[PDB]
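For reference, the chain that follows is the form deposited in one PDB entry, supplied as structure tokens.
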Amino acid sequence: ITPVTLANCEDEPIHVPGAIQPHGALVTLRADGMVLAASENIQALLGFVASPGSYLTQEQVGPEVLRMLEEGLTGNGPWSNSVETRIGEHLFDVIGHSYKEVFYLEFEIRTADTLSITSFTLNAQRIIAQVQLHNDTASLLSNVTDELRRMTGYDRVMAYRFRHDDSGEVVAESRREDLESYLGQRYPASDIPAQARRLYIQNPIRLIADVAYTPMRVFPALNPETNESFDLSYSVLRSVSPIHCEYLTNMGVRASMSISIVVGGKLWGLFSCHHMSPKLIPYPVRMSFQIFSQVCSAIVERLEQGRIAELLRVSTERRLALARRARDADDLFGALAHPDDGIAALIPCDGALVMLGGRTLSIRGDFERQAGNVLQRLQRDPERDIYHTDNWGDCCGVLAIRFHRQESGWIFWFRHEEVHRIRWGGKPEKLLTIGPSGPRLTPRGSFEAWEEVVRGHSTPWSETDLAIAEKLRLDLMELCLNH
């Protein structure tokens, strides 16, 4: 019965809302096919009253439907299927699935004049051609963002990237003129709490037909079998958190639809479609996006590792240049401090320090004091050959490696505090009408929430950045020992 406030919202059970969106009806069955619960609108949408204890009957739901249901009813492992069928006055999409051991049948009115197979195929071809045309991982995102809008007619579609700390960044955008831009927006991990994030990962597509909707409750609330709520995780019609709904209306959005990009076990980022009036996307089309989601995820994965590959390649090429020079010139300092192949170019940094013997070369600033303090901190830890941190002198980020012990051969890279890369301003943008929860649920409030998180922090060191440092360290050890 608990109200969901700003304090609660992190722990909101959004998977068991026990209600569904109004653009469809829902019937929940148990293993034997016996009805356990239904949305309060089954009668109003489909001509009949589903009742707990009942079993579904032909042409109160039609034949092919039970035909489908029986198949999944007798199959081990998460059944999933859909049928198209006429029930009374209308034809329906009857998407059905089984999660836990409860079976779900979802009913959407089908208004499309097209054959489903071809509608599905047509859109799949169109939206994944965008995945064959681009080598830049950012062109991919940018282009499919522009294309998703062309296909769906959404007012605004955005591509989010998710950082290491699960903070988001709007990296692409295609929007109707009128609308303010959110390009370069940054929001915290708390804007998409655990359960919501778990769900985007498990579900390629989420659709919100109308944010201003009144939910259609499924009765009864609790599954008699367990005396605990129905887990609508894989339910297409599952209802929305009032918090998110308030957020979206603060923005002035009325319909959403998001396509996930999952790589590893991580939500790599999603495409969020927003409409200013309510909007619906037919089932077969959503399936076009679902399959797309899986392929795009695959290509983004490769494109990303193709990116790291090239980073490693030019790094070694520079380690080669470095090895070449060092042996022939015989001062390392000159080699390391080289303007372009220098260490400052090896790994993205705002500065670097080279330190062998008693001599100190600070390149791109005065870093001698910091390096001294960092080194003192490592006093307590004589065995550390590598040190790094984004919390901390005057530079937040530090990556230090040791290549000579006795003569204190050290290398440092430094990073300043992370800064909002792109920022809007210039003319006060319009007044958002703000709900009861407060300004926290506006983009402006989200950004501020993000600042408070990152400030005091430099950008984390790449998986890649550390790998390079490690290779460099090996190089110099070799050199110093060798000659």
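Rigid core: the largest C-alpha set superposing within 1.5 Å between the two forms. In case it trips you up, residue 1 is the first one in the sequence shown, and so on. Shifts are known only where both forms have a C-alpha.
In at least one third of the other compared structures of this protein with flanking residues present, residue 393 is left unmodelled. In the deposited entry, the stretch joining residue 213 to residue 214 is continuous, with no residue of the deposited sequence left without coordinates. Averaged over Cα atoms, the B-factor as recorded in the entry is higher for 74 to 82 than for the other of 74 to 82 and 185 to 193. Per the PDB record, of the two stretches 142 to 150 and 84 to 92, 84 to 92 carries the greater mean B-factor over its C-alpha atoms.
Comparing the C-alpha B-factors of 256, 260, 241, 223 in the entry, the top value falls on 223. When the C-alpha B-factors of 246, 177, 301, 173 are read from the PDB record, the largest value belongs to 177. When the modelled residues of the chain are ordered by C-alpha B-factor, residue 450 sits in the lowest third. In the deposited entry, the Cα temperature factor of residue 476 sits in the bottom third of values across the chain's modelled residues. In the PDB entry, residue 160 places in the lowest third of its chain by CA B-factor. Looking at the C-alpha B-factors along this chain, the one for residue 133 belongs to the highest third. In this PDB entry, the Cα temperature factor of residue 217 sits in the middle third of its chain's modelled residues.
One more form of this protein, deposited in another entry, exists but is not displayed; see below.
Of the candidates 337, 245, 276, 124, the Cα that moves 2 angstroms or more after core superposition between this form and the one not shown belongs to 124 alone. After superposition on the rigid core, the Cα of residue 133 moves by 2 Å or more between this form and the one not shown.
Relative to the displayed conformation, the Cα-Cα distance from residue 127 to residue 239 grows by 3 Å or more in the other entry. Residue range 115 to 134 is the only run of 3 or more whose C-alphas all shift by 2 angstroms or more between this form and the one not shown once the rigid core is superposed.
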